[PDB]
Amino acid sequence: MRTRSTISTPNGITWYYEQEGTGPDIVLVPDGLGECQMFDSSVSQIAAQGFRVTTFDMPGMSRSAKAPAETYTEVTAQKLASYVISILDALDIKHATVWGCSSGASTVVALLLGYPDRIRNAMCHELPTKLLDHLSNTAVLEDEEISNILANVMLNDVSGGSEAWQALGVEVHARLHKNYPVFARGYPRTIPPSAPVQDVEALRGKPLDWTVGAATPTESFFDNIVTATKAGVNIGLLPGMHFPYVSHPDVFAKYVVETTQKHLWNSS
Amino acid sequence: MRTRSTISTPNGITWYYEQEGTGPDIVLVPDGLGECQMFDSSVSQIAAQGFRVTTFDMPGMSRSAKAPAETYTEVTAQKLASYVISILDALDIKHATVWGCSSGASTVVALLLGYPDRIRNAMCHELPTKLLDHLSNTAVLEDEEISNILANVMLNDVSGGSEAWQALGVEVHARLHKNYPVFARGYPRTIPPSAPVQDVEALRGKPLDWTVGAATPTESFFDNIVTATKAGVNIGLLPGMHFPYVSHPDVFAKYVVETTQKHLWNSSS
Ligand SMILES: C[C@H](O)CCC[C@H](O)CCC/C=C/c1cc(O)cc(O)c1C(=O)O
Ligand SMILES: C[C@H](O)CCC[C@H](O)CCC/C=C/c1cc(O)cc(O)c1C(=O)O
Ligand SMILES: [K+]
Ligand SMILES: [K+]
């Protein structure tokens with residue numbers, strides 16, 4: 001019942017995508033590691049509630065690696081939003097609910113603000129607005145050292161569940177190992193400054209639902225809570241840290257379903 | 001240069017307190033464990049910047065244990081604020097900057113709202129507004145089990161620094177051992193519903209500086225960040241978790257001094 005296929009867009013990207021279900025469109029945008037297998041359990045649970053769910057690997061990452069260098073270098077929320085619109089155009093998805101974490105969160109807020117006719121509502125999780133020198137400095141290391149360091153960071157610092165993270169399995173971790181250097185050299189210097197949350201008044205009244213991880217250290221996304229509250233945007237918590245769709249897939253799925261249902265009611 | 005003494009207030013409490021320094025008054029209200037030795041390093045560093053610093057063990061706790069049962073049972077922010085005003089009256093402290101964490105945070109916001117002529121400015125850290133059934137349920141246990149459970153929670157989960165926590169020393173931990181059952185039976189069921197943050201408009205424009213621990217799990221005091229932001233109150237982070245004066249005493253002292261200095265400049269304007 002799950003489609004697993006590839007599709008080429010006129011910007012040069014060959015996307016790997018997955019799709020399951022019928023009904024209103026929900027699109028799950030990966031975090032910066034660009035790996036859509038992290039959504040696998042949740043895709044079936046969401047689709048089973050009457051939705052068409054689409055996800056994809058991000059350009060330059062995992063099975064979407066056949067892409068021009070511009071799509072995975074000097075990456076911004078606005079570039080990623082343009083790329084997501086390209087694949088939604090290719091798949092004839094005219095109106096969608098979107099979810100994203102991390103650079104995915106920056107991407108879905110850019111999607112909602114830039115393409116309002118295309119976006120029913122956006123769920124953003126842990127949107128990075130601050131430069132981290134420790135992360136930006138990994139870009140000058142050798143690929144194998146980047147992969148070793150960032151594999152450790154993801155498991156021990158931000159996975160929000162070491163057993164679930166490791167249970168993604170050897171095939172997923174082998175793809176992430178190859179993504180870490182692409183992510184390190186493309187994302188951490190350019191993503192945070194591109195955060196589309198500098199204009200608080202532009203967020204006010206928008207169909208945005210913002211979350212942070214319950215277990216995440218307060219300092220990590222303190223600024224998200226402040227910004228959301230200043231904008232009057234719905235702000236709450238999911239269990240775990242940076243990857244709730246990995247750590248707590250059933251809670252994640254229920255959240256996506258209930259949030260989409262609330263906006264479908266509000267739209268009529 | 002530290003005064004270490006006792007003072008009896010007509011509400012029945014015999015307080016243990018400490019004082020150091022001369023200058024504008026800064027008062028350090030303990031968290032619910034009620035133990036003012038946790039401020040020892042910071043009291044000297046703050047006083048050295050030209051302040052008179054006062055702290056005290058809280059009623060029923062540590063060396064302030066000679067107190068009526070009303071002062072350490074069914075404890076509310078409003079009761080604690082009335083008790084702090086009683087010791088400030090007894091020490092002739094008319095106008096003070098105040099710090100408090102946890103129930104001490106609830107106390108200092110209650111002091112600022114309820115006694116505004118007495119409070120130059122308040123610094124509140126990790127103010128509890130939510131009931132926690134797992135903590136409330138400890139009240140029905142025997143004293144020794146309460147002490148073992150909460151000693152473990154403070155050391156390993158919320159100290160923000162296990163080595164600094166242990167370095168409080170054997171005498172402090174012997175006092176905290178006796179305080180854990182008093183705290184368990186008198187605080188967790190009644191402090192959160194008494195939180196003086198139901199009226200966001202009452203906080204607006206008040207000389208309040210609110211912090212949360214940088215390492216604290218987001219869920220613990222997420223509501224503090226939301227409430228402070230809604231009220232336009234200065235909200236920020238200190239290193240560590242629930243006990244910044246234990247985990248990061250020099251950062252804590254600097255924050256108390258700089259915040260007090262900011263309000264002294266503003267008061268003159
Ligand atoms: C050795 C170093 O200190 C590493 C320690 C710091 C941790 O890496 C923080 C981990 C999560 C970073 C998210 C993030 C940040 C960003 O600026 C752009 C992004 O796209 C993302 C994302 O995961 O997508
Ligand atoms: C056995 C369980 O799992 C215990 C686990 C939970 C952590 O103990 C508490 C985290 C911080 C809250 C303290 C607190 C709460 C309150 O309702 C009144 C107070 O006065 C305080 C205070 O420290 O003053
Ligand atoms: K789950
Ligand atoms: K320090």
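Letters go in sequence order (proteins before strands), and every chain restarts at 1.
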Across all chains, not counting sequence neighbours, the salt bridge (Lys or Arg N to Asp or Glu O under 4.0 Å) partners of A:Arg120 are none
- Sidechain-backbone polar pair: A:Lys206 side chain, A:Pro116 backbone, donor-acceptor under 3.5 Å: no
For the residue pair A:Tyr72 / A:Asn179, report whether a side-chain donor-acceptor contact shorter than 3.5 Å exists. no
Side-chain contact test, heavy atoms from C-beta onward, threshold under 4.5 Å: evaluate it for B:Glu142 versus B:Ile146 and give yes or no. no
(Q) Students often mix this up, so state it plainly: with edges at 30° and 60°, are the rings of B:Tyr187 and B:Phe183 parallel, tilted or perpendicular? (A) tilted
Does a sphere of radius 6.0 Å around NZ in A:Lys262 hold more than 12 heavy atoms from other residues, nucleotides or ligands, not counting ones at 6.0 Å or beyond? yes
message: Keeping A:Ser106 on the side-chain end and A:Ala195 on the backbone end, is there a donor-acceptor pair under 3.5 Å?
response: no
Assess the side chains of A:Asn148 and A:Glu145: does a donor N or O sit below 3.5 Å from an acceptor N or O?
no
In short, ring-ring contact (aromatic ring centres under 6.0 Å, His included) pairs touching residues 212-233 of chain B with sequence neighbours left out are B:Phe221-B:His242
Taking atom CD of A:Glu74 as the centre, does the number of heavy atoms from other residues, nucleotides or ligands within less than 6.0 Å exceed 12?
no
Closest non-hydrogen contact found for A:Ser102 with A:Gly32 is CB-N, 4.5 Å
Checklist entry - Would you say the side-chain atoms of A:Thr6 pair up with the backbone N or O of A:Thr14, donor to acceptor, closer than 3.5 Å? => result no
- [ ] Could you walk me through whether A:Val256 and A:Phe51 pass side-chain contact (heavy atoms from CB on, under 4.5 Å), step by step?
- [x] CA-CA 11 Å; A:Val256 171; A:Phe51 300 100; over 6 Å; no
Discussion item. One pair to check against salt bridge (charged side-chain N to carboxylate O under 4.0 Å, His left out): A:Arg118 and A:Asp89. What are the steps and the verdict?
Written reply: CA-CA 10 Å; A:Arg118 300 296 296 276; A:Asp89 287 349; 2.8 Å; yes
ask   = Relative to each other, are the rings of A:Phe243 and A:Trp165 parallel, tilted or perpendicular (30° and 60° limits)?
value = tilted
Here the pair of heavy atoms bringing A:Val109 nearest to A:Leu127 is CG2-CD1, 3.8 Å
Q. Looking only at side chains, do A:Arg2 and A:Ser44 share a donor and an acceptor under 3.5 Å apart?
A. yes
message = Between A:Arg185 and A:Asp143 (salt bridge meaning N to carboxylate O under 4.0 Å), is one present in this structure?
response = yes
A:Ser247 and A:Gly240 have their tightest heavy-atom pair at OG-CA, 4.1 Å
Query raised in the report: If you draw a 6.0 Å radius around NZ in A:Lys254, do more than 12 non-hydrogen atoms from other residues or ligands fall strictly inside?
Result: no
Requested in this report: Side-chain contact test, heavy atoms from C-beta onward, threshold under 4.5 Å: evaluate it for B:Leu150 versus B:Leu135 and give yes or no.
Outcome: yes
When rounded to the nearest 0.5 Å, the distance separating CG of B:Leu132 from CG of B:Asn137 is 10.5 Å
- [ ] Let me see the working for A:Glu35 and A:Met58 under side-chain contact (heavy atoms from CB on, under 4.5 Å), right down to the final yes or no.
- [x] CA-CA 7 Å; A:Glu35 171 56 63; A:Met58 294 291 275; over 6 Å; no
Steps toward side-chain contact (heavy atoms from CB on, under 4.5 Å) verdict (A:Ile235, A:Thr227)
CA-CA 10 Å; A:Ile235 175 76; A:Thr227 295; over 6 Å; no
On a heavy-atom basis, the closest approach of A:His263 and A:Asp209 is NE2-OD1, 2.8 Å
Answer yes or no: is there a donor N or O on one side and an acceptor on the other, between the side chain of A:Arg189 and the main chain of A:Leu131, under 3.5 Å?
no
Non-hydrogen side-chain atoms of A:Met61 and A:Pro30 separated by less than 4.5 Å
no
(request) Compare all side-chain heavy atoms of A:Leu80 with those of A:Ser103 and state whether any distance is below 4.5 angstrom. (result) yes
(message) Atom NZ of residue position B:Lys130 - does it have more than 12 heavy atoms of other residues, nucleotides or ligands inside 6.0 Å?
(response) yes
>> Any non-hydrogen side-chain atom of A:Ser147 less than 4.5 Å from a side-chain atom of A:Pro181?
In response: yes
Distance col, row A:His173:NE2 vs A:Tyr180:OH, nearest 0.5 angstrom, shows 7.0 Å
Residues A:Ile119 and A:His95: closest non-hydrogen pair is C-CE1, 3.7 Å
**OP:** Starting from the C-alpha separation in whole Å, work towards a yes-or-no answer on side-chain contact (heavy atoms from CB on, under 4.5 Å) for A:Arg52 and A:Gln19.
**Re:** CA-CA 7 Å; A:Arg52 184 167 65 183; A:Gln19 191 177 259; 3.8 Å; yes
For A:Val212 and A:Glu126 the tightest heavy-atom approach is CG1-OE2, 3.5 Å
